[PDB]
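Peer 1: Experimental coordinates follow, after the sequence.
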Amino acid sequence: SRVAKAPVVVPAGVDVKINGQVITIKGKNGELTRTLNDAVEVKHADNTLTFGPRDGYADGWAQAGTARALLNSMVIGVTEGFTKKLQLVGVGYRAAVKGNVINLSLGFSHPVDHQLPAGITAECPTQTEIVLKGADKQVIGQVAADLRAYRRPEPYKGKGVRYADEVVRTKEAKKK
Amino acid sequence: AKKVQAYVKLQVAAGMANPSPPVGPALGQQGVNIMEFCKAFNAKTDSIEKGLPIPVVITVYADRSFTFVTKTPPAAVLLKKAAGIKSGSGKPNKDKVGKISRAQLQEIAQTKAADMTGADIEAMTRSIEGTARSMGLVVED
Amino acid sequence: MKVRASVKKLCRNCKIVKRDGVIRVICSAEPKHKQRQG
Amino acid sequence: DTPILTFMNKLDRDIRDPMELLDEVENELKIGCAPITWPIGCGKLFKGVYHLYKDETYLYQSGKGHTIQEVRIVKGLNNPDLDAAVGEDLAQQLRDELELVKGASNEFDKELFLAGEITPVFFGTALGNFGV
Amino acid sequence: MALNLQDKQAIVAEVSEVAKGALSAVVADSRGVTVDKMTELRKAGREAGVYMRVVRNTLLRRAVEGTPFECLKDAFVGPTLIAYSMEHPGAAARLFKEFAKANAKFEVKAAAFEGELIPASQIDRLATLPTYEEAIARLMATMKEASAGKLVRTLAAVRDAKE
RNA sequence: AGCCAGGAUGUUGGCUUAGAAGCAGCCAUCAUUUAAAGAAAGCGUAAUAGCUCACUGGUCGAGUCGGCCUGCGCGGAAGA
Ligand SMILES: [Mg+2]
Ligand SMILES: [Mg+2]
Ligand SMILES: [Mg+2]
Ligand SMILES: [Mg+2]
Ligand SMILES: [Mg+2]
Ligand SMILES: [Mg+2]
Ligand SMILES: [Mg+2]
Ligand SMILES: [Mg+2]
Ligand SMILES: [Mg+2]
Ligand SMILES: [Mg+2]
Ligand SMILES: [Mg+2]
């Protein structure tokens, strides 16, 4: 329903290789990408992808909409690519990158060296910003999470790895 | 006009300009000199008369002092010199304390010729009407 | 978080979700509104 | 008209930008700043100080504050051993800051120091016994 | 609010402001501030007043289905967001310039001034109307005829002829 | 429902007010500026606050809202 009942428009360029229950999309950039579905039946035809339920499944629609959105983000995936961005806060922090493994300094007694996964690269335009583009939305989102994790933002001064979409409450300490 | 940059308003009466005990280190602490608040004020304050409360903007940049463009006074304090009691509310609506009329407060609404959101010289009448009813004053229009 | 047997949203930013077999309140403004066992 | 040496203590601690520290000293104390040494990293990342006039880098060792540590120098400001000993990342920030420093500071002049018009600024840590 | 009745109402009134109207300006208002009202209503203190309104009624379906008061070529004048400006008393002059110099100060887009009724058509801000009660522009317009256009050509040789 | 906007002026209301200029406080809640804007929702201020909410316009384009009568399930639920 709705998101499901919506189109998808396969932008002139993406391969769209529907093999039964396996869809594989490649284009511009991005190492292909190929997920699976279930109670949803997908149909190519024309310049789009249609997503609908399938009698016998009450999951229908709900499984179909997530199909849409997923598939949707897969097109765009290899098309525009995918965003990122985290900034470090607090004296003595800062990140590195030196290949495909980011080196982090976060006030521990040791560096951290986090190693990027497959289809996702990142640069440090600044000592204190990590920007990581990739095709797989589900994965950038992770590596972001995973990075920010080494030092989530403490709610007193704000030190730690934020996103930018951050909100950091920050509050005063108990009175004396 | 723009928006926000620097401005406040914390005084008591023009009768005693630039006070120390009432406000002091509270009359301005951001770019305002406590002693320099008796030069540009009385340059026009003592120029008309002292007594009525006079708040004003505090346009502050980074050029030493500050610049305040003054305008009109509170139409609520005009009930201690030009209406009745030295106070105001005290005992609000538990008894018909004070009472003004249509006649009075007329030339009080007339003075604010650059401070009225109502081109209608008649509409800007009921605006101060409430300014003389926020303590329990009946109106004999 | 609170593990009361009645959960109840409190603020207006308090959500109420079921993750796993368990009802929870998720408040975005206040974390004191975070709840399980509902 | 008494002359002032300046020592920036507590580089073991997380501190302010030493650039900004120079502003606060010139602006609020009404006296010129002439950096002699310059910190490389601060807090957990204090690695030592680069001497501007001797052109070499004394390397800080952690916790030898009770005696005098081993004097361990790295000669060039572009010596690829400064990169190795300090990490090439921190090493470039030293190089960057030093660029800005030269365009916004002062050469130490003995006459102006004795006249109380510039201060030789040393960065260090009296606790780590480094910079003293 | 209300239903179909409240609907018609806003229209017949808002559209009688176009029938009985002296003038008409259509201004899209992306990022419309309250300072916005604080302007056309400030330029109403000592230069205008209540003789002007500007109800953002791009309700379209409303302000438009409700111009059987004769407002053709306004289906084209119904795109995107707009803030209808309608005149009742006073000349049609000054009101136009107000927006012309508002939006040009940033003050929100002006919909490229899609133009409106009175003459009845499209887009192209002119200056007919605002030049009125400034007939000293007809004093200066005579250009002294015999004399000013004289001391400019019949008398411009000397200051530029001895080459 | 999102997303784009806006949310003032009499009025810093006077007030048991050390200081109170919407929100520990009192009582009042009236009238304008207009498409909407409450002396009123929130964070929380040395006091201004800064930034955000009811309510109205825009985008989108077919439903959406909460009670009622009923069937079957969830949590609540720790012991040798
Ligand atoms: Mg779990
Ligand atoms: Mg500290
Ligand atoms: Mg409507
Ligand atoms: Mg809506
Ligand atoms: Mg909003
Ligand atoms: Mg206050
Ligand atoms: Mg109060
Ligand atoms: Mg308060
Ligand atoms: Mg209305
Ligand atoms: Mg709403
Ligand atoms: Mg049951």
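Peer 2: Structure received. Residues are numbered from 1 along each chain as shown, chains lettered A, B, ... in the order given. Ligands and ions are numbered 1, 2, ... in the order given.
Peer 1: Show me where chain A has its helices.
Peer 2: Assigned by DSSP state H, chain A shows helices spanning A:62-78, A:137-149.
Peer 1: for those helices, which one ends up most surrounded?
Peer 2: helix A:62-78 (a mean of 21; mean count of other CB atoms under 10 Å in any protein chain shown). From N, CA and C alone the C-beta is placed, and that goes for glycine too.
Peer 1: got the residues of chain B near chain E?
Peer 2: B:1, B:116, B:117, B:119, B:120 (CB under 8 Å from any CB of the partner chain).
Peer 1: Report the secondary structure state of the first one.
Peer 2: Reducing the assignment at residue B:1 to three states with DSSP: H, G, I helix; E, B strand; the rest coil gives coil.
Peer 1: what about it, neighbour count?
Peer 2: 6 (other CB atoms under 10 Å in any protein chain shown).
Peer 1: what's the spacing between the residue nearest the centre of chain C and residue C:14?
Peer 2: Nearest to the mean C-alpha position of chain C, by CA atoms, centre = their mean, lies residue C:25 at 1.6 Å. With distances taken as CB to CB, to the nearest Å, residue C:25 is found 5 Å from residue C:14.
Peer 1: which neighbours do those two share?
Peer 2: Residues within reach of residue C:25 and of residue C:14 at once, by CB atoms under 8 Å, 6 or more residues apart in numbering or on different chains, are residue C:33.
Peer 1: What distance do you get for whichever residue of chain A sits closest to chain B to residue D:108?
Peer 2: Proximity of chain A to chain B (CB to the nearest CB) peaks at residue A:172, 20.8 Å away. Distance, residue A:172 to residue D:108, using CB to CB: 44 Å.
Peer 1: how far away is the residue of chain A closest to chain B from residue A:50?
Peer 2: Residue A:172 is 55 Å from residue A:50, where distance means CB to CB.
Peer 1: the more surrounded of these two?
Peer 2: More crowded of residue A:172 and residue A:50, by other CB under 10 Å: residue A:50, with 17 against 6.
Peer 1: which other residues reach the helix ranked longest in chain D?
Peer 2: Determined from DSSP H, the single longest helix within chain D is helix D:88-104. Helix D:88-104 has contacts (CB under 8 Å, 6+ apart) with A:94, A:96, A:127, D:18-19, D:22, D:35, D:38, D:40-41, D:45, D:47, D:50, D:52, D:77-78, D:82-83, D:86.
Peer 1: Same check on stretch E:63-72?
Peer 2: For stretch E:63-72, contacts defined as CB under 8 Å, 6+ apart pick out E:8, E:10-12, E:14-16, E:18-19, E:57, E:74-75, E:78, E:84, E:117, E:120.
Peer 1: please redo it, this time with the cut-off set to 7 Å
Peer 2: The contact list for stretch E:63-72 (CB atoms under 7 Å, 6 or more residues apart in numbering or on different chains) reads E:8, E:11-12, E:14-16, E:18-19, E:57, E:74, E:78, E:84, E:117.
Peer 1: Can I get the buried part of the residues you listed as one PyMOL selection?
Peer 2: In PyMOL, this line selects whichever of the contacts of stretch E:63-72 come out buried by 16 or more other CB atoms under 10 Å in any protein chain shown:
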select buried, chain E and resi 11+14+15+18+57+74+78+84+117
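Peer 1: okay, the contacts of stretch E:63-72 in TSV with distance to chain D next?
Peer 2: Shown next, in TSV, are these (distance: CB to the nearest CB, whole Å):
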residue	distance to chain D
E:8	66
E:11	63
E:12	66
E:14	59
E:15	63
E:16	65
E:18	62
E:19	67
E:57	55
E:74	61
E:78	57
E:84	54
E:117	62
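Peer 1: Take the contacts of stretch E:63-72 and keep only those in strands.
Peer 2: When DSSP state E defines the strands, the subset of the contacts of stretch E:63-72 inside them is residue E:84.
Peer 1: among the contacts of stretch E:63-72, which are in helices?
Peer 2: Per DSSP H, the subset of the contacts of stretch E:63-72 in helices is E:8, E:11, E:12, E:14, E:15, E:16, E:18, E:19.
Peer 1: so which of the residues you listed comes closest to residue E:61?
Peer 2: The closest of the ones in helices among the contacts of stretch E:63-72 to residue E:61 turns out to be residue E:11 (CB to CB; 9.6 Å).
Peer 1: all strands of chain E, in order?
Peer 2: E:24-26, E:52-53, E:84-87.
Peer 1: List of residues touching the shortest one?
Peer 2: Just to be clear, that refers to strand E:52-53. Residues from elsewhere that reach strand E:52-53 (CB under 7 Å, 6+ apart): E:17, E:40, E:44, E:86, E:87, E:95.
Peer 1: what's the farthest-apart pair in these?
Peer 2: Using CB to CB, the two most remote members of the contacts of strand E:52-53 are E:17 and E:44, lying 15.4 Å apart.
Peer 1: Show me which of those two is the more surrounded one.
Peer 2: residue E:17 (23 against 18).
Peer 1: how close does the residue nearest to residue E:56 when sequence neighbours are not counted sit to chain D?
Peer 2: Distance criterion CB to CB, 6 or more residues apart in numbering or on different chains; nearest residue to residue E:56, sequence neighbours excluded, is residue E:83 at 4.6 Å. Counting by CB to the nearest CB, to the nearest Å, the gap from residue E:83 to chain D is 48 Å.
Peer 1: isn't residue E:83 right up against residue E:57?
Peer 2: No. Using CB atoms under 7 Å, residue E:83 is not in contact with residue E:57; the gap is 8.3 Å.
Peer 1: Please tell me how far the residue nearest to residue E:97 when sequence neighbours are not counted sits from chain D.
Peer 2: For residue E:97, ignoring the flanking residues on the chain, the nearest one in space by CB to CB, 6+ apart is residue E:130 at 5.0 Å. Distance of residue E:130 to chain D, given as CB to the nearest CB: 54 Å.
Peer 1: wait, residue E:130 sits on residue E:94?
Peer 2: Yes. When contacts are counted by CB under 7 Å, residue E:130 is listed as touching residue E:94 (6.2 Å).
Peer 1: Work out which residue lies at the spatial centre of chain D.
Peer 2: Nearest to the geometric centre of chain D sits residue D:38, at 2.2 Å (CA atoms, centre = their mean).
Peer 1: which SS class is it?
Peer 2: The local conformation at residue D:38, judged by three-state DSSP, is strand.
Peer 1: wait, it sits on residue D:52?
Peer 2: Yes. Residue D:38 lies in contact with residue D:52 (CB under 7 Å); the separation is 6.3 Å.
Peer 1: Spell out which residues of chain A are next to chain D.
Peer 2: Proximity of chain A to chain D (CB under 7 Å from any CB of the partner chain) is limited to residues A:91, A:92, A:96, A:105, A:107.
Peer 1: okay, now the third one: neighbour count?
Peer 2: In this case it means residue A:96. Neighbours of residue A:96 (other CB under 10 Å): 19.
Peer 1: For it, give me its contacts.
Peer 2: Contact analysis of residue A:96 by CB under 7 Å, 6+ apart lists A:102, A:103, A:124, D:89.
Peer 1: Between the residues of chain A next to chain D, which sits nearest chain E?
Peer 2: Once CB to the nearest CB is applied, the member of the residues of chain A next to chain D that ends up nearest chain E is residue A:91, at 38.6 Å.
Peer 1: any idea how far the residue nearest to that closest one when sequence neighbours are not counted lies from chain B?
Peer 2: The shortest distance from residue A:91 to any non-neighbouring residue, by CB to CB, 6+ apart, is to residue D:14 (3.9 Å). Relative to chain B, residue D:14 is positioned 29 Å away (CB to the nearest CB).
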